[PDB]
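**Q** Please see the structure below; I have some questions.
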Protein chains: 4
Amino acid sequence: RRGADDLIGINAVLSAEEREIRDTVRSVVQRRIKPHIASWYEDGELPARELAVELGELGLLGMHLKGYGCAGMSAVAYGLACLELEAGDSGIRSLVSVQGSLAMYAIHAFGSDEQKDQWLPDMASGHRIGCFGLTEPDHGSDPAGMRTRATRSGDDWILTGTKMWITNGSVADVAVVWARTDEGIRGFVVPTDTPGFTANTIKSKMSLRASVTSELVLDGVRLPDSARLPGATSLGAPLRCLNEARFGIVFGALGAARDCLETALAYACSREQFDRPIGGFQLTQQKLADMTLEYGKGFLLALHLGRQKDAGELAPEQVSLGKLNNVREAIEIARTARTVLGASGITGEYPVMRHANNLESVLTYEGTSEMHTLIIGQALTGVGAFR
Amino acid sequence: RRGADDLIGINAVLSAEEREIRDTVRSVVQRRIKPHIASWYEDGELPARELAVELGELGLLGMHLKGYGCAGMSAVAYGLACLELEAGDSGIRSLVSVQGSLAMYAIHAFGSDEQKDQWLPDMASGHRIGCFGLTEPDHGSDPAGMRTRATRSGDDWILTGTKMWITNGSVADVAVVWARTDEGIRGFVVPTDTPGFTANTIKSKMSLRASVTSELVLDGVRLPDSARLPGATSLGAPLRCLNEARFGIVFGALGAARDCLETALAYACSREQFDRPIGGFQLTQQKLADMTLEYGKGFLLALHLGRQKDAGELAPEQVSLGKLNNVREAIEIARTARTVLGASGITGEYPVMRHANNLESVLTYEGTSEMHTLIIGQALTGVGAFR
Amino acid sequence: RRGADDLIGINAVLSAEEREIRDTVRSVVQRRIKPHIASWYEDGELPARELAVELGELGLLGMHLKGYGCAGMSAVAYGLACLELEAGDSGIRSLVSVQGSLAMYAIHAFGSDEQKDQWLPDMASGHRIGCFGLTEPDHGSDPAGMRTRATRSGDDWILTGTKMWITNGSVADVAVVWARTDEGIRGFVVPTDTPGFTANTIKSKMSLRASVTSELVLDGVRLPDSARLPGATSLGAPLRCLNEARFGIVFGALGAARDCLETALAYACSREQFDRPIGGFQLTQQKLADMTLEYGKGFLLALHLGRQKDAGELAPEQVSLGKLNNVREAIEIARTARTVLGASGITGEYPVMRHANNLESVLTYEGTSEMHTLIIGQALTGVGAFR
Amino acid sequence: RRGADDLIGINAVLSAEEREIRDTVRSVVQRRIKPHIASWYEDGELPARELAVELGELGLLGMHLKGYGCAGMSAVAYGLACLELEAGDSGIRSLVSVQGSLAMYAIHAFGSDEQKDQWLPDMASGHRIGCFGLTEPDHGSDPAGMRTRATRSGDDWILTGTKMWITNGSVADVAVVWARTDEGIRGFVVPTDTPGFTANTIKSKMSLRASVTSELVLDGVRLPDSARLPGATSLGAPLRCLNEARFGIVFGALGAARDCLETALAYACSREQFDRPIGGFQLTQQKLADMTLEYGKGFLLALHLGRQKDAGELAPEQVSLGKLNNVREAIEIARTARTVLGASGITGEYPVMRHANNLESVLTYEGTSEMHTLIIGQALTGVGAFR
Ligand SMILES: Cc1cc2c(cc1C)N(C[C@H](O)[C@H](O)[C@H](O)COP(=O)(O)OP(=O)(O)OC[C@H]1O[C@@H](n3cnc4c(N)ncnc43)[C@H](O)[C@@H]1O)c1[nH]c(=O)[nH]c(=O)c1N2
Ligand SMILES: Cc1cc2c(cc1C)N(C[C@H](O)[C@H](O)[C@H](O)COP(=O)(O)OP(=O)(O)OC[C@H]1O[C@@H](n3cnc4c(N)ncnc43)[C@H](O)[C@@H]1O)c1[nH]c(=O)[nH]c(=O)c1N2
Ligand SMILES: Cc1cc2c(cc1C)N(C[C@H](O)[C@H](O)[C@H](O)COP(=O)(O)OP(=O)(O)OC[C@H]1O[C@@H](n3cnc4c(N)ncnc43)[C@H](O)[C@@H]1O)c1[nH]c(=O)[nH]c(=O)c1N2
Ligand SMILES: Cc1cc2c(cc1C)N(C[C@H](O)[C@H](O)[C@H](O)COP(=O)(O)OP(=O)(O)OC[C@H]1O[C@@H](n3cnc4c(N)ncnc43)[C@H](O)[C@@H]1O)c1[nH]c(=O)[nH]c(=O)c1N2
Ligand SMILES: [Cl-]
Ligand SMILES: [Cl-]
Ligand SMILES: [Cl-]
Ligand SMILES: [Cl-]
Ligand SMILES: [Cl-]
Ligand SMILES: [Cl-]
Ligand SMILES: [Cl-]
Ligand SMILES: [Cl-]
């Protein structure tokens, strides 16, 4: 029996430095996440604040950023880290994506030196948690239509609106909030203790239950001009953040896929029915071959994109190739794997249903499958088809 | 806007009697199931005993059986009832399938007059709950390999083994248990208070959470010969029961599909993005068209099979056409529908994730997709390919 | 071994009258089409004029029309006839569709009594061949944009434009030609000997090679006002004709599917590999089950639509369900069947490649898959998404 | 507008040497193959002998072999060459695959020095054409079951049997023929002028029409022992040859895909319907995105396998990943591309139907999709499921 990674030949196309980072994160996941995750997911509650500190002190927050206590690792090493985190759980990887590639990235890329120096080192250590308030109840795929507004009042700004589906929102110390102004989209560094700001936890989730997801109500929150991100002057600012986060998801989704594929492979060799291992039936082999193919193609695509990113050669339409492909192929792998487990596959004895349900959120967030199709389509044709 | 049933033209191919039964069950579901189901599913607990009484007193237990207080309705009317029940929830329809088409059916078909007279009227009223113990930890798709044994001891039988994944097991008054004997497979009517018999509820389910699913331990349970089902003399007896239950699932799965499709259709007309209803985008219309097609083809297949069943013309390989097709197409409808809802689709605000997760169990139980493929294949070729 | 029709149970849902018509057409196909079709297809040439006479004298032209020597058969019987014709070859069924459901239908529905009396009886006998000139080089899916014009000159009309992909065009005696005028779309009965009218046969076809497909050049063709179809006053006139033809295709495509499925079933039982019939392998059974399911669902959909049509209950969006589904599922059946035949499947020893290539034209013509998706989508949502 | 190769970023992961070879072969294809291929394919006839000389003198026969006038290029460069050849036509690439990776390879790997010195330089120049006789009428996927026999007669061998579907057979000077003997499978270098040897061209092909495909009849062909390949002592010998040829197909199939994708991309930008380029509709963009993804994933898989092959790290189950994936994804690309062209796509004005029909043979030969599934399955599970 050859495992999927062995059959694909993954280690041989990575460096020793990359493999070391991957191995380090895998060990963190096996030790600190996997023993608890079934319970956190079932309960829909996790010690998010304590976990952020743990992960930050381990060097896992802001991994792809430079300075301020961050790891400054390569795009490929960061990708491998995300893959390992998500093999643990997509909710856990989501906490990390929002912290580093959304909230910290926004401050790193568009913030004043005062904002960077105030927030980034404590965010890298996990002692202060961020969130990224873009989506609203009525505006998700079309953030250009956002209705949260920032209006001037003397030297201050007044922020009024509601953000929805905001990861980490209820446990966040700081919110990077996007708003429309009379001169275009702007972003603000919003301490969550500011009067007028409330965060409400979303309950009854059937996906991403080991993550905090919130409504943010900005009920006329008054901020000084110094709270504005000076470098953010258009919708392109939040979109640059999304493209950073999307890259991590390109790798991350493959971790959930891998965990499911490995589960199905092991089960197909151990479980017998009709006097042979179920892996000895053609219909089982078809599934295992198909899943291994999409995992391997997805990994080679992710690695290619990461190598391009490190070389400085990576556009949003290229990231969209990876995001469109790897998330939908991952969720199909999870679904197929569950069928191989039969009834055993319907409980948290195995990770497959958790992965499959989690991947519903990953499929939708950071641009739906349709959004990525249209981004790629526009690149290929020169014609937008969003409207 | 035309709804899916209107576009397909369903009412015109049903009788007034059939439509009345359908409407009656729909009203029961809307009144007695839908207001509570989100909570029952989340909690993984429901008042199963009280619900059985409610459903029985409403005429909904043993619907397709004749006599003993049962409705004696046609195959088509029974199918429509199952569709409505499952549009409520597959777990609820499962409680009903096990009660009527498995446990009562077995007694009705193979029982002595003493067994029928003792058990069936109280089962039809819901005052006594049954379960059907075929599957074991190591034998599911291949029940011919079952290892639960029944051995003679004087005039008594001693039953020893474990059954697993048994719907209603922990709340059952009576268990119809299948065992191997020196002269072939036999079935027994096992009061669950018999010494040596225990039932343990399976927890941590990610599917069918509004149903009771159990392990049955038969630790040398001593029964008189009068507990044996006299008419059951081979594996064909439990298989006849499965074919009755499978028929109800052929219709039932379409109810979960319908509920999801209707949800997606309504949302596509109400939700706007990029300044139009999302139903005004081609990619949305593709989904809605594809889902409506598979729902309608699945319904026409179910109706055809039901008409054959009423005419006396329905073989197991024909039932397998419906079971193979309608469950996998239903789960694909649920999955696709969830994508149309975006983030809103990930909570129990909408029924789609519950339906999709429930359908995992329906896909596996009563013969997996692979089993039905091989049943149809053997019919088409004359050659078995199970081994 | 049960054949697909036997497993589905088709004869039991048809009348004796319907079965008789079906059987009669099957015999015509077996005797007059199947012995020659491989040669006609390879050559890309067939005795179309002689064949039209044969088919007309057999009662097969204008089958669903009433009067003028036409059969006046039901929608269901007509459908079954089309299925049998296409099981022979889609090109042959195309000749018939254009003759009856397009060219004759247009005259029957919108013509003057003079036009009907002049043309229809000789068209029903096959002694005069029609064609239906809607599509142009630059306008296919959007016939509202057609640029062929009809302009008044005294009491005459002058028709100027080019029609393209016109079945029967080079062998037609009469062309029903659609044109834009200052008062909307109009249709004309155009004798093909009219000065200025030329028809050029399209060559190098890789599909529908046993059909004549042509360019029509109307180079200022002068016609009296009596050539205008008086009842045709908008784009809805040619669209009504298309909806008649589409209905026949709903059934027709299933004939090509059936022929391929039957071929694969027979081969799977006869061909041995690895010491068993290839039908004894699970992967083969998967294909045979899947194909049989889509054939049967497609047939039940077609029959349902035909029963609605006879009852007067059939809208264009309902026809589109059948056209969208049955053509794409038929072509997938043909493709899958070819794989079962291995190398033997690549020559005209078997009909599968001819059917698969023919179905490319059927998938595109009478509204592409995308057009039908959007017709169904608009019906479901109330919102057009063509633009 | 970004082309597919540009969007994927292919040149940046190749060397200048690799790009030069690719470019050289592309120019040969554009100049010597593309102007004639529509006619050769339609006619089912090509100047195969003259073409072999042309290709050999250009260095394109035996590209991956060392010595004897062969190019000795890397696995990656050879792959790129095959991709370019097949973008021309799969039939043409097939002539090359059989010449180099089957017939020459067999002699190179298992032949005596006398055989190598006699045959290989004239095969590399194209002045002598080879074929590879493994498949028989009744044994294709299971060559272990072959019935062509070689029996000893004094110091001679007598070869008796029929080989079928043999590329280049009717134009071959030499046939590498596999036979069963009393001591296992053996291979023979068979001059085609040997008495008793006849080759018959297979006609009525609907695929690979620009290739010669033949029946070989070995009617008691008498050969000296020196005709035996000394190094071939089991079924593993012909299988090693297949694994060499399969590798070239992993790349080759992507060339047919590319040509189709490029065709669809150009057409989507040029063709207007409903007042916009058809590439401006969402359903068109979905197709273009999906095709580009599978082309790019397939290319990254091929390149990965080629890099492994050059490093000495490439097993048959790894080759099977590429063969299974790239051929079925290529044929799906061709099919999808044809739909984008509408009616224009059904003639040889565009290359898509030729590519799609050619790929039917590529899907089947060198191991069917099912064979590759089972090779991968056995590697993953340790259990064979062929029987
Ligand atoms: C658990 C979780 C966590 C988060 C988030 C979501 C979830 C579920 N998101 C929000 C996420 O980014 C958001 O859900 C997506 O952008 C999709 O937006 P909507 O859900 O509003 O769907 P929306 O209403 O946009 O779309 C609904 C459906 O219509 C389709 N559609 C929309 N426009 C279309 C068009 N023009 N053409 C074709 N189809 C179209 C969509 O693809 C989708 O299928 C978030 N956000 C945030 O700011 N910060 C965060 O931390 C997170 N985290
Ligand atoms: C919630 C719920 C509720 C119930 C039940 C299940 C569940 C999940 N069932 C049990 C159910 O019938 C059982 O799960 C199925 O028969 C499948 O058996 P296993 O789960 O053991 O899978 P099993 O181990 O048989 O199969 C595992 C996988 O291997 C495949 N496979 C097996 N044999 C194969 C072959 N020869 N060729 C190809 N593939 C093959 C299967 O298709 C599946 O994908 C049950 N039972 C009962 O007796 N009473 C009840 O009330 C219920 N209720
Ligand atoms: C062999 C044969 C025979 C005939 C015919 C065709 C063929 C191949 N037809 C013509 C046929 O009706 C025509 O090909 C189709 O209507 C499609 O039009 P075009 O080929 O111009 O494609 P067109 O250019 O319209 O479309 C090209 C592609 O773009 C897509 N597309 C177009 N608009 C779109 C939109 N708004 N949104 C999304 N996608 C869109 C299409 O679905 C297609 O995939 C015909 N005609 C006739 O009048 N009489 C006849 O007898 C016949 N017979
Ligand atoms: C144009 C062209 C050109 C060539 C060739 C073919 C063609 C079409 N081939 C022959 C080719 O290698 C051969 O067609 C394939 O190996 C498949 O064998 P059969 O066609 O006999 O199908 P076969 O009869 O083996 O299989 C029929 C079907 O059954 C399936 N099947 C078979 N066994 C199965 C199993 N155990 N489980 C599941 N499914 C199974 C197959 O996958 C296939 O779908 C060839 N050969 C050669 O020696 N030299 C050459 O040059 C060429 N060239
Ligand atoms: Cl991050
Ligand atoms: Cl746009
Ligand atoms: Cl029941
Ligand atoms: Cl069997
Ligand atoms: Cl007709
Ligand atoms: Cl529109
Ligand atoms: Cl070669
Ligand atoms: Cl084997």
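Chain identifiers are assigned as A, B, and so on, following the order in which chains appear in the structure tokens; residues are numbered from 1 within each chain, and ligands are numbered from 1 in order of appearance.
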Give me, as an MDAnalysis selection string, all polymer residues having an atom no more than 10 Å from residue 152 (chain C), counting only C-alpha atoms and skipping those fewer than 6 positions away in the same chain.

**A** chainID C and resid 158:159 181:182 222:225

**Q** Residues as selected, N, CA, C and O atoms, written as a PDB file, in the first residue's frame, can you do that?

**A**
ATOM      1  N   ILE C 158     -39.718  41.860 -51.693  1.00  0.00           N
ATOM      2  CA  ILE C 158     -38.360  41.517 -52.081  1.00  0.00           C
ATOM      3  C   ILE C 158     -37.656  40.982 -50.832  1.00  0.00           C
ATOM      4  O   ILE C 158     -37.552  41.688 -49.810  1.00  0.00           O
ATOM      5  N   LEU C 159     -37.198  39.738 -50.897  1.00  0.00           N
ATOM      6  CA  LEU C 159     -36.545  39.103 -49.759  1.00  0.00           C
ATOM      7  C   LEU C 159     -35.043  39.071 -49.998  1.00  0.00           C
ATOM      8  O   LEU C 159     -34.582  38.571 -51.021  1.00  0.00           O
ATOM      9  N   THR C 181     -39.392  42.783 -41.195  1.00  0.00           N
ATOM     10  CA  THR C 181     -40.039  43.822 -42.002  1.00  0.00           C
ATOM     11  C   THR C 181     -40.205  45.040 -41.117  1.00  0.00           C
ATOM     12  O   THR C 181     -40.015  44.976 -39.881  1.00  0.00           O
ATOM     13  N   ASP C 182     -40.604  46.146 -41.739  1.00  0.00           N
ATOM     14  CA  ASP C 182     -40.894  47.365 -40.990  1.00  0.00           C
ATOM     15  C   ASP C 182     -42.013  47.181 -39.959  1.00  0.00           C
ATOM     16  O   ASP C 182     -42.182  48.044 -39.097  1.00  0.00           O
ATOM     17  N   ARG C 222     -38.091  38.021 -55.441  1.00  0.00           N
ATOM     18  CA  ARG C 222     -39.338  38.768 -55.581  1.00  0.00           C
ATOM     19  C   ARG C 222     -40.516  37.801 -55.481  1.00  0.00           C
ATOM     20  O   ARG C 222     -40.596  36.786 -56.210  1.00  0.00           O
ATOM     21  N   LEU C 223     -41.427  38.101 -54.567  1.00  0.00           N
ATOM     22  CA  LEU C 223     -42.603  37.259 -54.310  1.00  0.00           C
ATOM     23  C   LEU C 223     -43.878  38.112 -54.264  1.00  0.00           C
ATOM     24  O   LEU C 223     -43.851  39.254 -53.820  1.00  0.00           O
ATOM     25  N   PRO C 224     -45.009  37.540 -54.686  1.00  0.00           N
ATOM     26  CA  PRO C 224     -46.277  38.274 -54.499  1.00  0.00           C
ATOM     27  C   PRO C 224     -46.692  38.329 -53.033  1.00  0.00           C
ATOM     28  O   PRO C 224     -46.194  37.521 -52.232  1.00  0.00           O
ATOM     29  N   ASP C 225     -47.599  39.245 -52.658  1.00  0.00           N
ATOM     30  CA  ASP C 225     -48.049  39.270 -51.260  1.00  0.00           C
ATOM     31  C   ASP C 225     -48.688  37.968 -50.849  1.00  0.00           C
ATOM     32  O   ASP C 225     -48.685  37.651 -49.664  1.00  0.00           O
TER      33      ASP C 225
END

**Q** Quick one: residues within 8 Å of ligand 11, with only C-alpha atoms and all ligand atoms, as a count of residues only?

**A** 16

**Q** What are the residues of chain B lining chain C at 6 Å or less? Count only C-alpha atoms, and put the answer as a list in words.

**A** residues 1, 2, 279, 280, 281, 282, 285, 286, 289, 297, 373, 376, 377, 379, 380, 381, 382, 383 and 385 of chain B

**Q** As number ranges by chain, please: every residue in region 137-283 of chain B that a backbone DSSP assignment puts in strand (DSSP E or B).

**A** B: 139, 149-153, 156-167, 174-181, 184-191, 197-201, 205, 213-224, 228, 272-273, 276-277

**Q** Let's see if you can do this: from backbone DSSP, list all helix (DSSP H, G or I) residues in region 5-173 of chain B, as a ChimeraX atom specification.

**A** /B:5-8,11-13,16-33,37-43,48-57,75-88,90-110,113-124,143-145,169-171

**Q** CA of residue 361 (chain C) and CA of residue 130 (chain C) are how many Å apart?

**A**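 Result for CA of residue 361 (chain C) versus CA of residue 130 (chain C): 19.5 Å, one decimal.
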
**Q** Between CA of residue 367 (chain C) and CA of residue 135 (chain C), what is the spacing in Å?

**A**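 It comes out at 10.8 Å.
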
**Q** Have a look at CA of residue 199 (chain D) and CA of residue 116 (chain D) and let me know their distance in Å, one decimal.

**A** 23.8 Å

**Q** Nearest to ligand 6 among B:349, B:329, B:275, B:122, with distances taken over only C-alpha atoms and all ligand atoms: which residue is it?

**A**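 Closest to ligand 6 of all the choices is B:275.
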
**Q** Tell me, as a PyMOL selection string, which residues lie within 12 Å of region 113-115 of chain C, counting only C-alpha atoms; anything in the same chain fewer than 4 positions away does not count.

**A** chain C and resi 68+103-109+119-123+174+176+188-191+226-231

**Q** Please identify every polymer residue within 7 Å of ligand 4, using only C-alpha atoms and all ligand atoms, and present the set as a ChimeraX atom specification.

**A** /C:271-274,278,281-284,339-344,346 /D:98,131-135,137-142,164-168,207-208,213,361,364-371,386-387

**Q** Enumerate, in order of chain and increasing residue number, the residues of region 170-283 of chain D with an atom no farther than 9 Å from region 35-45 of chain D, each with its shortest atom pair and distance in Å to one decimal, counting only C-alpha atoms, as CSV.

**A**
residue,atom,partner,partner_atom,distance
D:203,CA,D:44,CA,8.1
D:204,CA,D:44,CA,8.6
D:205,CA,D:44,CA,7.9
D:207,CA,D:41,CA,8.9
D:208,CA,D:41,CA,7.6
D:209,CA,D:44,CA,4.6
D:210,CA,D:41,CA,4.7
D:211,CA,D:45,CA,7.5
D:212,CA,D:45,CA,7.7

**Q** Neighbouring residues of residue 218 (chain D) were defined as those with any atom within 12 Å, considering only C-alpha atoms; residues of the same chain fewer than 2 positions away were excluded. Please report them as a PyMOL selection string.

**A** chain D and resi 133+136+147-150+158-164+175+177-179+188+190-200+215-216+220-223

**Q** When you look at residue 31 (chain A) with a cut-off of 12 Å (counting only C-alpha atoms), what residues show up, excluding the ones that are within fewer than 5 positions of it in the same chain? I need them as a PDB file with N, CA and C atoms, in the first residue's frame.

**A**
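Full text of part24.pdb as output:
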ATOM      1  N   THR A  24       6.483  20.924  11.838  1.00  0.00           N
ATOM      2  CA  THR A  24       6.284  21.654  13.107  1.00  0.00           C
ATOM      3  C   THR A  24       4.800  21.975  13.337  1.00  0.00           C
ATOM      4  N   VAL A  25       4.133  22.456  12.302  1.00  0.00           N
ATOM      5  CA  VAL A  25       2.731  22.772  12.411  1.00  0.00           C
ATOM      6  C   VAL A  25       1.903  21.499  12.552  1.00  0.00           C
ATOM      7  N   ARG A  26       2.264  20.444  11.823  1.00  0.00           N
ATOM      8  CA  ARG A  26       1.549  19.168  11.981  1.00  0.00           C
ATOM      9  C   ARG A  26       1.596  18.705  13.439  1.00  0.00           C
ATOM     10  N   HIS A  36      -9.022  17.789  21.043  1.00  0.00           N
ATOM     11  CA  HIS A  36     -10.150  18.565  21.547  1.00  0.00           C
ATOM     12  C   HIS A  36     -11.214  18.873  20.475  1.00  0.00           C
ATOM     13  N   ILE A  37     -10.868  18.725  19.191  1.00  0.00           N
ATOM     14  CA  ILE A  37     -11.678  19.356  18.161  1.00  0.00           C
ATOM     15  C   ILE A  37     -13.082  18.770  18.050  1.00  0.00           C
ATOM     16  N   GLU A  54      -1.847  30.620  22.481  1.00  0.00           N
ATOM     17  CA  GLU A  54      -1.049  29.433  22.204  1.00  0.00           C
ATOM     18  C   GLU A  54      -0.451  29.470  20.800  1.00  0.00           C
ATOM     19  N   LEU A  85      -2.998  23.076   9.384  1.00  0.00           N
ATOM     20  CA  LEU A  85      -4.008  23.625  10.320  1.00  0.00           C
ATOM     21  C   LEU A  85      -5.399  23.148   9.959  1.00  0.00           C
ATOM     22  N   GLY A  88      -6.370  19.670  10.654  1.00  0.00           N
ATOM     23  CA  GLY A  88      -6.952  19.717  11.984  1.00  0.00           C
ATOM     24  C   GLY A  88      -8.425  20.110  11.889  1.00  0.00           C
TER      25      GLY A  88
END

**Q** Considering only C-alpha atoms and all ligand atoms, can you say which of A:326, A:234, A:170, A:94 comes closest to ligand 1?

**A**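 Closest to ligand 1, using only C-alpha atoms and all ligand atoms: A:94.
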